[PDB]
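*Asks:* My structure is below; once you've seen it, I'll send some questions.
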Amino acid sequence: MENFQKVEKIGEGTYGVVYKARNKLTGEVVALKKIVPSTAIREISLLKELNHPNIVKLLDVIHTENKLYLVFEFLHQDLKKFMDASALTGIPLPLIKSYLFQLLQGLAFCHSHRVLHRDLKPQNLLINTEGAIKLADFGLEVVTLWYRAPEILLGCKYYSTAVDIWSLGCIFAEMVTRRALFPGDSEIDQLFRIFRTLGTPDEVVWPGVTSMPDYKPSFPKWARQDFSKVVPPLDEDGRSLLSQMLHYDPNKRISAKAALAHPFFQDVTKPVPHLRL
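With the working numbering as the guide, the letters of the sequence shown map in order to residues 49 to 325.
What follows is the structure in structure tokens.
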């Protein structure tokens, strides 16, 4: 830890502050996070071997003086900043497509190893100047509920990889319309916003939903709206994809691997974002 020189505070993560720093003898510029239970140590160690092009590289894990420091590769900025900056004209379609595709690649990889992200949002996606987008802050201030899957909000304790597909579909809709899809400010507000758009789920569309821990028979009964009203001007291929990523039943929700083969990605390319620097 006397090996690193803190250059600047670049963010406040879910677990600790994150700084841009320079490795004092070797010269690399890195992102340093300062977060210890043995379980945590073993879990984090297991994250060091989960390497993929669309997963922020965890370089080193320093367990010094009974505290934990994570050394990551350094990127350009988060997706939230980019979405905010592009808000007046919107992100070009080919770039939205590129980012979605790479995110499904990273999730297909995690999910094949039985690892879920669990908290996907624009705030933990990092981009670089070359057109890459990577998953960050996974496997470890009021936190956003906007991207949370319905089974989590209904009290399901053993949720699956499908919750990451839900969250990504929420991000996808927001990139296209330039507005949060379901901006709840409480768990019941989040649920009801989902219900008003997708219709109150019942035993027809989601077998077993009414048995879920926090499900209430008294929940208002809203009807489903069309996707043509939900994500205009998205084309039919994109809408067919998004609708499958937003199925209520987790066992019906498209998988990351199936998503990669959807026709929407037939003309996928890799454009360069219009960034800073």
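Beta carbons: idealized from backbone N, C-alpha and C, even for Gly.
What distance in whole Å lies between the Cβ atoms of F52 and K82, which are believed to be in contact at a cut-off of 8 angstroms?
*Replies:* Not really, about 10 angstroms apart at Cβ, beyond 8 angstroms.
*Asks:* Do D212 and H161 have their C-beta atoms within less than 7 angstroms of each other?
*Replies:* The answer is no: Cβ separation not under 7 angstroms.
*Asks:* Pull up the distance between the alpha-carbon of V109 and that of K269, whole angstroms please.
*Replies:* Straight-line Cα distance between these residues: approximately 49 angstroms.
*Asks:* As an exercise, report each continuous beta strand (DSSP E) stretch of at least 3 residues that is fully enclosed by the region 89-132, in chain order.
*Replies:* Counting whole runs of 3 or more residues, the region 89-132 contains the beta strand (DSSP E) stretches 106-112, 115-121.
*Asks:* Looking only at DSSP bridge pairs, what is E251 linked to?
*Replies:* Answer is none; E251 lacks a bridge partner.
*Asks:* Between the alpha carbons of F267 and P261, how many angstroms are there, rounded?
*Replies:* Rounded to whole angstroms, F267 to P261 spans 14 angstroms at the Cα level.
*Asks:* Would a C-beta distance cut-off of 7 angstroms place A184 and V77 closer than the cut-off?
*Replies:* No; because the gap between Cβ atoms is not below 7 angstroms, this pair is not in contact.
*Asks:* Among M223, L290, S93, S215, which one has its Cα closest to the Cα of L136?
*Replies:* The candidate whose alpha carbon is nearest that of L136 is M223.
*Asks:* Could you spell out where the alpha helix (DSSP H) holding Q238 opens and where it closes?
*Replies:* Looking at the DSSP string, the run of the alpha helix (DSSP H) that includes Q238 is 235-246.
*Asks:* Using DSSP with H/G/I as helix, E/B as strand and the rest coil, what is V84?
*Replies:* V84 falls in the coil class under three-state DSSP.
*Asks:* With three or more C-beta pairs closer than 8 angstroms as the rule, is the region 120-127 touching the region 168-185?
*Replies:* Counting Cβ pairs under 8 angstroms, three or more are found: they touch.
*Asks:* Entirely within the region 151-213 and at least 3 residues each: give me those beta strand (DSSP E) ranges in chain order.
*Replies:* The qualifying runs are 173-175, 181-183.
*Asks:* Take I302 as the anchor and find which of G217, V55, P231 has the nearest alpha-carbon.
*Replies:* Ranking the options by Cα distance to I302, first place goes to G217.
*Asks:* By how many angstroms is the C-alpha of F220 removed from the C-alpha of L148?
*Replies:* Cα to Cα, the separation comes out at about 7 angstroms.
*Asks:* Using three-state DSSP, classify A79 as helix, strand or coil.
*Replies:* Of the three classes helix, strand and coil, the one that applies to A79 here is strand, per DSSP.
*Asks:* Specify, as a first and last residue, the run of the alpha helix (DSSP H) that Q53 falls within.
*Replies:* First-last for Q53: 52-60, but that is the beta strand (DSSP E), not the alpha helix (DSSP H).
*Asks:* Buried or exposed: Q314, going by 16 or more other Cβ atoms within 10 Å of its Cβ?
*Replies:* Counting Cβ neighbours within 10 Å, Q314 comes out exposed, since fewer than 16 surround it.
*Asks:* Cα separation between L168 and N102?
*Replies:* About 13 angstroms.
*Asks:* Taking 8 angstroms as the cut-off, does the region 187-194 touch the region 202-210 (at least 3 CB pairs, one atom from each stretch)?
*Replies:* No, they do not touch.
*Asks:* Since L289 and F275 should fall inside the 8 angstroms C-beta cutoff, what is the C-beta to C-beta distance between them, to a whole number of angstroms?
*Replies:* Contact doesn't hold; Cβ gap of about 10 angstroms is too wide.
*Asks:* Could you please give the first and the last residue of the uninterrupted alpha helix (DSSP H) stretch that includes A304?
*Replies:* Here the alpha helix (DSSP H) through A304 covers 304-308.
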